[PDB]
Structures are given as structure tokens and as C-alpha cells.
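Okay, structure first, notes after.
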Ligand SMILES: NC(=O)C1=CN([C@@H]2O[C@H](COP(=O)(O)OP(=O)(O)OC[C@H]3O[C@@H](n4cnc5c(N)ncnc54)[C@H](OP(=O)(O)O)[C@@H]3O)[C@@H](O)[C@H]2O)C=CC1
Ligand SMILES: NC(=O)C1=CN([C@@H]2O[C@H](COP(=O)(O)OP(=O)(O)OC[C@H]3O[C@@H](n4cnc5c(N)ncnc54)[C@H](OP(=O)(O)O)[C@@H]3O)[C@@H](O)[C@H]2O)C=CC1
Ligand SMILES: NC(=O)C1=CN([C@@H]2O[C@H](COP(=O)(O)OP(=O)(O)OC[C@H]3O[C@@H](n4cnc5c(N)ncnc54)[C@H](OP(=O)(O)O)[C@@H]3O)[C@@H](O)[C@H]2O)C=CC1
Ligand SMILES: NC(=O)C1=CN([C@@H]2O[C@H](COP(=O)(O)OP(=O)(O)OC[C@H]3O[C@@H](n4cnc5c(N)ncnc54)[C@H](OP(=O)(O)O)[C@@H]3O)[C@@H](O)[C@H]2O)C=CC1
């Protein structure tokens, strides 16, 4: 019938918000998780209450077989895969001199290999449709760099190149590939001190933090027919922090 | 009551299309023109048939008093100015060695000074509202440069800096300032030869030209509540030509 | 046997670029708008380096005056190998406050100026089939800056012009590039400016000669495959 | 009295960077993965320049091997003033076809490698309170490239790492920068490649030494205010 989506890391935070938003615009949504089965299942129902179809599917994005099993299963339930949103991601923060090998390895695994994994395994099916929209999550630090986050930054910049390169491969066959880059978004920011919040806000011309839903909005737009001539672009949603 | 817009150079092409699109999303629209009174007046009615309010207003954007008179008049009719879209623009193409002084002067006047003119004169009113969205038209060549168009390119790049700088000034007061950059869009392209079209298409991974409405779509999105955390950004709508 | 022309070479960054080009063996023509004395003083510092040098008065925003200037440089030196478009002004104001004259004047010197120089310098560089053109931009041309919508416009616009000229002139041996300095010491304007200092990872203001080093490098045989580029020289304040 | 380490310095671009650093007075340590003979040959060409030099075998994707390598460079030269992260591989394939090993291997050498070198080289450069690190990226890191989603990922990722390390190490005198070469002659792989040539305004492929010139420049006292930057060396193919 209508059109359907997969969001990685959609059990909580921006992913949850993205998925809900795709439900509002009428996508059936698959809610990937790594370990939070119950919160996923909860979002699966929050999505149903929107009158569309949903289910949770567990899978570590760093592992290529689990990703293949996931795509196969979303195609099996839904009949198609119209929108892929690669949102799953971890930080393991340290100055370069204190960074352990497993803090590098793991971040790359999830944040960069994961996105490649998801992109690759979603491709036979999108080429079959001759249609599709892939949106990757990056971050303001992917553009400006940030001390203490070299691994994470490497992933986010790298994600942006993966976007351009994928965009280039699949363009002629109906598939757009894009990135969204959030600046400071309310999440944890909810037990930070006044001193620190104010330090953060002086970096943001709009003088406020961003919301879940600002990111969700930009993602949906990218997935919508109304954006099918946009490809290989990163949209920065950061209230002016980086221009 | 509801919310209202001004589009410069909206008598034809992308401007026309933008304005219509703002009418669909329910803005009252003012249709600025420089000289094509009748085509403007026609678009004014195309807009009314959308159930919203409209009128034409003539004004050369390069002249600061005429721009002030225009803003004053849009505020007088509408009660507000919620969206300003600076679309008016001319080319005067020549290699640098053949470029006459009036070919430089004129392009700068319209394409760069004009946008400054429109931005400045729209500001007392947007600061009064403590709300607003300004969207500037640029172009793929603003990013990559292009032989034979040094004047035009200078304007389009410069427009992009004007966007960042304006974005920075007005951010704390509720106003977002952004740019859209079209690649190859169907317009004149309608009497070009096969040989040339194909030469143009091999530059575009999506392997087609863009439409009026792809630009309009991105502009409306930028003007909408759904984008109020986006500022000082240029969106490239170019089917992958530049990433 | 090699020659350069630096616009606005009477003081500050141009003064320093002029000196480094001389330091490296260019005869250097020193352009100024009103600072006759100071420019001739720069001329003397250049002469003492062992190269040839003279002062030339021309308003860069005037094409006839630019043309006359180019012809006189070719006259004295026999060539024009390097053009450094450095002349630049600011008329800062909030958007609300910016006067037409403040916009007009800036766009004229900062952007029309560069166009004129590049244009009138082209035939000579085409006849040599070689040439280096270097344009001063600024960090604010990439990131924007409140108070400066006129200046920012011109500096971003100079980057677009650089690209377009690079592309037009590539195939006949000419490189067109830009340098975008960050917060440089020149223009010593005591205040709450260590706020700016916190924006610079290297934790100092750059110097004159830092920009002069990049400009000289871009002008040498060692950067002949680099064209259309903007080199940010800014201590890391913009990456 | 000044010293450099170049990774992948046995042939191609590293070979040429190693030679230019020597040309300018650095003792140069030549790193290789398997090309012992060719690297020792490079060593000999460097020795004949009047500086000191030796070959050092280490897989950049291995942190222990990188650590050992750094310690041995410090051992022989008494310092590490310049690190040039050049070692790089490609395993090209369409997305549909790319094998896990092809992804893993590339991310490991191209991106994990750079991380390791920077990391293990840091203490030494911090104790000197001075230092230049230069990372090889590529034009395709900025613009993307079909067939190369693994390589592109690493080259864009190396630019992010460069920024982040620039920022972490700025305040103790160290510059971190990158060079992104375009289509360079090295790797002579007769075909329909003049298609690539039409993409280059300068209308020739760049050379080895063109990249070596930029790398040497970035490593010198004349670029000490430049950090976090990517310098595109590409004839204008990407501006
Ligand atoms: N929040 C912010 O201010 C900003 C966020 N970003 C980026 O946006 C994206 C969303 O961030 P945010 O909402 O903060 O994230 P959260 O930490 O809130 O959520 C992490 C999500 O990722 C999933 N996940 C982690 N590892 C794996 C894995 N190996 N396989 C499958 N799923 C995995 C988690 O699943 P599970 O619940 O099962 O653990 C979880 O759902 C990220 O890529 C982040 O880097 C960028 C800039 C700012
Ligand atoms: N078309 C394309 O492929 C691309 C276009 N662009 C840019 O997008 C924008 C729209 O372009 P396009 O649709 O092709 O334009 P058109 O040439 O079709 O329309 C020009 C419009 O600008 C108005 N105008 C010109 N000068 C003035 C002035 N001094 N004062 C007020 N209005 C003026 C004209 O009014 P009047 O009718 O009265 O003459 C007309 O409405 C431009 O800025 C253009 O540079 C960028 C990339 C590609
Ligand atoms: N200082 C900084 O932190 C930054 C500077 N820049 C740019 O660097 C460049 C050099 O600036 P800086 O040296 O600091 O500026 P200065 O104010 O020191 O000098 C300006 C120079 O330009 C000349 N000039 C001004 N108008 C004209 C004209 N119409 N025709 C010919 N020459 C003219 C002046 O000559 P005369 O003495 O005769 O009037 C003077 O030599 C400028 O382009 C500037 O915008 C960019 C980023 C930062
Ligand atoms: N050529 C071009 O047009 C472009 C090249 N670049 C980049 O420039 C850099 C140099 O490339 P180029 O000289 O052409 O490449 P080459 O193929 O000529 O050389 C690769 C070098 O890296 C070494 N190497 C490979 N893996 C390892 C490892 N695991 N540990 C230590 N050393 C290793 C090789 O040493 P050994 O001989 O022992 O195997 C060799 O010295 C690369 O980073 C490349 O990606 C960027 C853009 C364009």
C-alpha cells in the first residue's frame, strides 16, 4: 500500500523522536535497538497509536549479518524499505593521550562501520524499488572538531563522506543519501548546571538549545517527496553555532 | 490573523513558483516586480485562487528608498512581514577580459546590494514582531565558481556571507536567515540542444534537471515553524552536482 | 627579473607582504590611496633589500586609475608576475544603522577593487603565460560577523571571484588563490579583546608576517598546482 | 638537529615527502609495511643529502608496533619534530560488492593508523613543546567518490581527526594540518583517464613533489599560525 521506514537506535532520544515523526507523516516504522527491548517496544506502541504499523527489531549495527537479518525482516513484514535513518551512535570520550584502544575501536565500529553496514545491506532492496531516501545522523563536531572526542569526530566527519559517496553511487537509480548535523540538543543538558548551560548558550546565536523534534523535522523533510532533488548534503540544525 | 510574505522577483520563474508555494501553505503573498507588471498581476490572481490575499508591488531592489516604500506598503496592507524571500537577480555574462564596467556594477547592484537592501529594510518590522524568516536565493556557482560569470559568482558567494552575518545579528531576536542554492533547474534549458543538455546532465548524479517546485519546497520548509532552529545555512538543491 | 604589485602596501598587512616578496627577490610596486609619505617609506625599506621598487597612487575602485597603474608597473619592471589584492577598508555598523555610503564604499574598494586589478592585470599575465594572483579575504568571509554585513559580503564575494578567475585563467599558467587571516595584530584597536583570544586555540593573535609567509608561498614555484583555494591563517579559530 | 618521521615512505608520495624534508635539513625516519628493500633505497637517497636516516618497519594499524617505532625514532634522533601520516591503501568496490575485509582493512590503515601515530607521537611533541603533524587526506574526502565508500570514509575521517587533534594540542605549540592531493601521477594505472584530466582546470596531473612542497611548507616555521586546515592541492578540480 503506503510507505515504510527503518530507524536505527530509535528506543530513546532523537531516534525515538524521528521515528514518531515518520509515523505522523504516515510511514510504517521499524524500531531498531541494541539492548533496550522494553523502551523500543514502548515506542513501537506509541507509533501504533498514530494509526500506522510498527515493530521492534533488535540488532547491533556494527555486525554485518545481524544487519542483513534486520533488513530482510523489515522487507518481509513491510513489503519495502522506503526510508533508512542511521541514527544509532555512541560516544567514548577522552583526550587523545588518555584514549584506550577499545574506546577508539568501539566508536568506529558503531558510528562509522554501522552506517556503512546499514547503507550496504539496505541497497539491494532500494535499487529494486528504484526509489528511496537514506538519512544519516552526524553532528556539529563532525564539521568543527572538538577536543576530547577525536574518535567520535572522526566517525561524524567520516559519516559525512560516506553520505557523499553513497549519494554518488545510488543517485542514478532513484535513491537520495543525506546527512543531518545537530548542534546542542536538549537530552541528558537536564542536569547540567547554570554556569555550564550559559557557557554553552553563548555559542548559539539563537540563544537556546535545540529540541528532538527540530532534528525529526529535518529528517522527515529529507525523506519526503518534497526533497527528492536533494542529495549528498548535510543539513546543520544548530541554531547558528556553525555556519 | 494568519501569516504573510514578500517575494522579490516573483513575476516569473523560481520566484513565481516560490510565491505560489507560500500561498499553498497559507501565506498572504506580496509579488514584487521590476517591470513586468502584467505577469506579476497574473501571479497575484493565481495566488488569490488559492484562497489567500495578494497584491503586486513594483520596486527596483537596488534602490534603498523604493525598497523602504515597499516594506512599508506590505506592512500597511498585511499587518506584518513574516517571510522575506530575496529571489530577484540578473546575470550579465562575460569572461573577465570582456566584462564591461556596467556588467559588473549592475549585477552587484541587483544581486548583492539588493539583498542587503531588502534585509535591512525588512528588519525594523521583524525585530518588532520578535519573529521571522528570511530566505536568500544563491546558486551552485556561488560555491564552485564558474568561468564567464565572475560578477554573478561574486554576488552569489557574497549573498551567502550576507546570510551568515544577518543570521548572526538577528538570531537572538527570533529571526532566522538562510540561503538556498539551486544547481541546474529547467527554465529557458527548453531550447537547448541534446548535445548540451547531455553535457549538463553528466554533471548531475541524479541524471535529471531540477524543477521550480524543488526550490519552492525548500524555501517554504525554511520559512516554516518546522525549521526555526536552522540558521545561517545554505541548502543546495542540485541533485548532487555539488556536495 | 620577477615582479610583484601589492595593493594597499603602505602599512599593515600589505606592507608586510611587500617586504616578504622583496625578501625573496621580487621587484615590488607599492600601491596606496592617500598615504604617500608612508608608502615611500615602505619603498625605501624594500630598496634596501637589493630589489627595485616605486610608489604608485591609484584608487583600486577606479578602473582607469587601475589600468594606468598596471601599465606603469609593466613600464618600470618589464613584467607582472605577482598581483596581491590587499587593499581593504571597513565601515562597521549594525544592520539597523548601516548607511548607504557605508555599504557602497566598502563594496567598491573591497570587491570592485579586486575585480578591477585582476581584470587589468590579466593581459600581461596571459602574454607571459604565467602568473600568481593572491586575494586577501578574512575569516569573517566564511563564518559571518555581526556589525559587518558590508565587509563580510565583500570578503565572501572575493572568494567567489577567486574561484571564477582561477577557472578562467588556469589553462594559460596562472594561479588565483586567496588568504583569509584571522585575528591579526595590525590595527591595535587595551579593551575586552581577550574574548577574541579565547576563540583562538593557538592562544595568541597572529602576526603580519604570518600572512606574508602564506602569500609568498602561494606566489612561488612551490604552489603552482594550487589554485582556486582559500588558505585560512587563523590559529585554529576556524577549521 | 630537526627530525621527521614519514609513514609509508618507501614509494610514491611518502617517498617524495621524505626527500623534501631531507632537502630542507630534517633527519628522516623511513617507515614501511613490507617494502624493506625499496625503503632502504629511499634511506640511501636521503643519506646522500647530508642528513641522517634509517628504515623502520611497523604496521601503522598496530598500536604496539607504532609505539616501538616512535621510541626508536626518539632513540636515534633525540626528538620528533615532524610526523607525516602518509601510509594509505585502497580497496575499491561498488557498495553492492564491497567485502567486509575490504572495509575493515582500509579503516584500519587509513584511519586507525593516523590515530595511532598521532597518539604515540604526542608525548614527545608535548615534551618539546613544538611539533608539526601533517595528515594525507584526498580530494575524494571532500567530494565523495563511487567505488570508494571505505576510502572516502577514512579520508573525510582523517580531516575530522586533524581538527580535533589541532584543537587538543594547539596550546602547547603543536600544529595539526592535512593535505588533500587531487589526481597525482604516482600509481600509473593508458586508459580513459583523460576524462579525469578534463576535471582539472590546470589541465595536467599534479606531481609527487607538488604535495611534498605543501607538506614541507606546513612543517616549517613559516606556517606556525596555520592549524586544523586541509590544504587542497589539485589544480583547481575542487575549490
Ligand atoms: N544528543 C545530542 O545533543 C547530539 C546527538 N548527535 C548524534 O545523533 C544521534 C542520536 O543521538 P542521541 O539521541 O543523543 O543518542 P542516545 O544515546 O540517546 O541513543 C543511543 C541509541 O543508539 C543505539 N545503539 C547504540 N549502539 C548500537 C549498536 N551497536 N547497534 C544498534 N543500536 C545501537 C541505542 O540502542 P539501545 O537503547 O538498545 O542502547 C540507542 O537507541 C547519534 O548518532 C549522536 O551521535 C549529534 C549531535 C548532538
Ligand atoms: N534558473 C536557474 O537555473 C538558477 C537560478 N538561480 C538564481 O535564483 C534566482 C531566480 O532565478 P530565475 O528564476 O532564473 O530568474 P528570472 O530571470 O526568471 O527572473 C528575474 C526576476 O528578477 C526580478 N528583478 C530583476 N532585477 C530586479 C530589480 N532590480 N528589482 C526588482 N526585481 C528585479 C525580475 O522582475 P521583472 O519580471 O519585473 O523583470 C524577475 O521577476 C536568481 O537569484 C538566480 O540568480 C540560481 C541557480 C540556477
Ligand atoms: N587585520 C585583520 O585582523 C584582518 C584583515 N583582513 C584583510 O587584510 C587586508 C589588509 O588589511 P590591513 O592591512 O589590516 O588594513 P589597513 O587598514 O592597515 O590598510 C588598508 C590599506 O588599503 C589601502 N586602501 C584603502 N582603500 C584603497 C583604495 N580605494 N585604493 C587603493 N588602496 C586603498 C590603504 O592605503 P592608504 O594608506 O593610502 O589609505 C592601506 O594601505 C584587507 O583586505 C583586510 O580587510 C582580513 C582579515 C583580518
Ligand atoms: N595517488 C593519488 O592520486 C592520491 C593519494 N592520496 C593519499 O596519499 C597518500 C600516499 O598515497 P600513495 O603514495 O599514492 O600510495 P602508495 O600506494 O604509493 O603507497 C602506500 C604506502 O603506504 C605504506 N603502507 C600501506 N599500509 C601500511 C601499513 N599498514 N603500515 C605502514 N605502512 C603502510 C606502503 O608501504 P609498503 O610499500 O611497505 O607496503 C606504501 O609506502 C595516501 O594516504 C593516499 O591515500 C590522496 C589523494 C590522491
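Protein chains in written order, with the deposited numbering: chain B, 1 to 188, 190 to 244; chain B', 1 to 188, 190 to 244; chain A, 2 to 190, 195 to 244; chain A', 2 to 190, 195 to 244. A prime marks a further copy of an entry chain. For each residue, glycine too, the CB sits at the ideal point set by N, CA and C.
Asked                                                                                                                                                : Found
Three or more C-beta pairs below 8 angstroms linking the stretch 68-88 of chain A' and the stretch 132-151 of chain A'                               : yes
Burial state of residue 140 of chain B, where buried means 16 or more other Cβ atoms lie within 10 Å                                                 : buried
Residue span of the alpha helix (DSSP H) that contains residue 218 of chain A, given as start and end                                                : 213-223
Opening and closing residue of the alpha helix (DSSP H) in which residue 40 of chain B' lies                                                         : 37-48
Chain A' contact residues for residue 72 of chain B, given Cβ-Cβ distances below 8 angstroms                                                         : None at all; the shortest Cβ gap to chain A' is about 16 angstroms.
Beta carbon proximity, residue 189 of chain B to chain A, threshold 7 angstroms                                                                      : Residue numbering in chain B breaks between 188 and 190, and residue 189 of chain B falls inside that break, so it has no position here.
Simplified DSSP assignment, three categories, for residue 210 of chain B                                                                             : coil
Listed by chain order, chain B residues near residue 7 of chain A by CB distance under 9 angstroms                                                   : Going along chain B, no residue has its Cβ under 9 angstroms from residue 7 of chain A, so there is no contact; the nearest lies around 31 angstroms.
Where residue 199 of chain B' falls, given that 16 or more other Cβ within 10 Å makes a residue buried                                               : exposed
Stretch-stretch touch, CB-based, cutoff 8 angstroms, three pairs: the stretch 193-208 of chain B with the stretch 200-212 of chain B'                : no
Extent of the continuous alpha helix (DSSP H) to which residue 184 of chain A' belongs                                                               : Element bounds for residue 184 of chain A': n/a, residue is neither H nor E.
Beta bridge counterpart(s) of residue 10 of chain B as assigned by DSSP                                                                              : Answer is none; residue 10 of chain B lacks a bridge partner.
Chain-order list of residues whose beta-carbon lies under 6 angstroms from that of residue 91 of chain A' (same chain, five-residue window excluded) : 152
Test item: CB-CB of residue 11 of chain B' and residue 48 of chain B' under 7 angstroms                                                              : no
Contact with chain B' by residue 96 of chain A, beta-carbon distance below 7 angstroms                                                               : yes
Helix, strand or coil at residue 231 of chain A [DSSP, three-state]                                                                                  : coil
Residue 149 of chain B, DSSP secondary structure in three states                                                                                     : coil
Partners in chain A for residue 116 of chain A', counting only beta-carbon separations shorter than 9 angstroms                                      : What residue 116 of chain A' touches in chain A: nothing, since even the nearest Cβ is about 18 angstroms away.
Per DSSP, cross-strand counterpart(s) of residue 54 of chain A                                                                                       : A/29
Residue 163 of chain B, DSSP secondary structure in three states                                                                                     : helix
In DSSP terms, what residue 179 of chain A' is bridged to                                                                                            : A'/136, A'/235
Partner residues on chain B for residue 144 of chain A, Cβ-Cβ distance less than 8 angstroms                                                         : 244
Beta-carbon spacing of residue 8 of chain B, residue 61 of chain B below 7 angstroms                                                                 : yes
Where residue 3 of chain A' sits in the DSSP three-state scheme                                                                                      : strand
Endpoints, the beta strand (DSSP E) within which residue 61 of chain A' is located                                                                   : Here residue 61 of chain A' belongs to no beta strand (DSSP E), and DSSP marks it neither H nor E.
Inter-residue Cα distance where the pair is residue 182 of chain B' and residue 232 of chain B                                                       : 12 angstroms
Distance between residue 100 of chain B and residue 121 of chain A' (C-alpha atoms, nearest Å)                                                       : 12 angstroms
Given residue 228 of chain A as reference, the closest of A'/225, A'/230, A'/238, A'/228 once Cα atoms are compared                                  : A'/238
Nearest-angstrom Cα separation, counted from residue 112 of chain B out to residue 185 of chain B                                                    : 21 angstroms
Within chain A', partners of residue 29 of chain B - CB distance below 7 angstroms                                                                   : None at all; the shortest Cβ gap to chain A' is about 24 angstroms.
C-beta neighbour in chain B' for residue 101 of chain A, strict 7 angstroms                                                                          : yes
Check: residue 225 of chain A C-beta below 6 angstroms from any heavy atom of ligand 2                                                               : no
Distance cut-off 6 angstroms: residue 218 of chain B Cβ against heavy atoms of ligand 2                                                              : no
Distance, residue 59 of chain A' Cα to residue 17 of chain A' Cα                                                                                     : 19 angstroms
Buried/exposed call for residue 130 of chain B, threshold 16 Cβ in 10 Å                                                                              : exposed
Environment of residue 158 of chain B' [buried if 16+ CB atoms lie within 10 Å]                                                                      : buried
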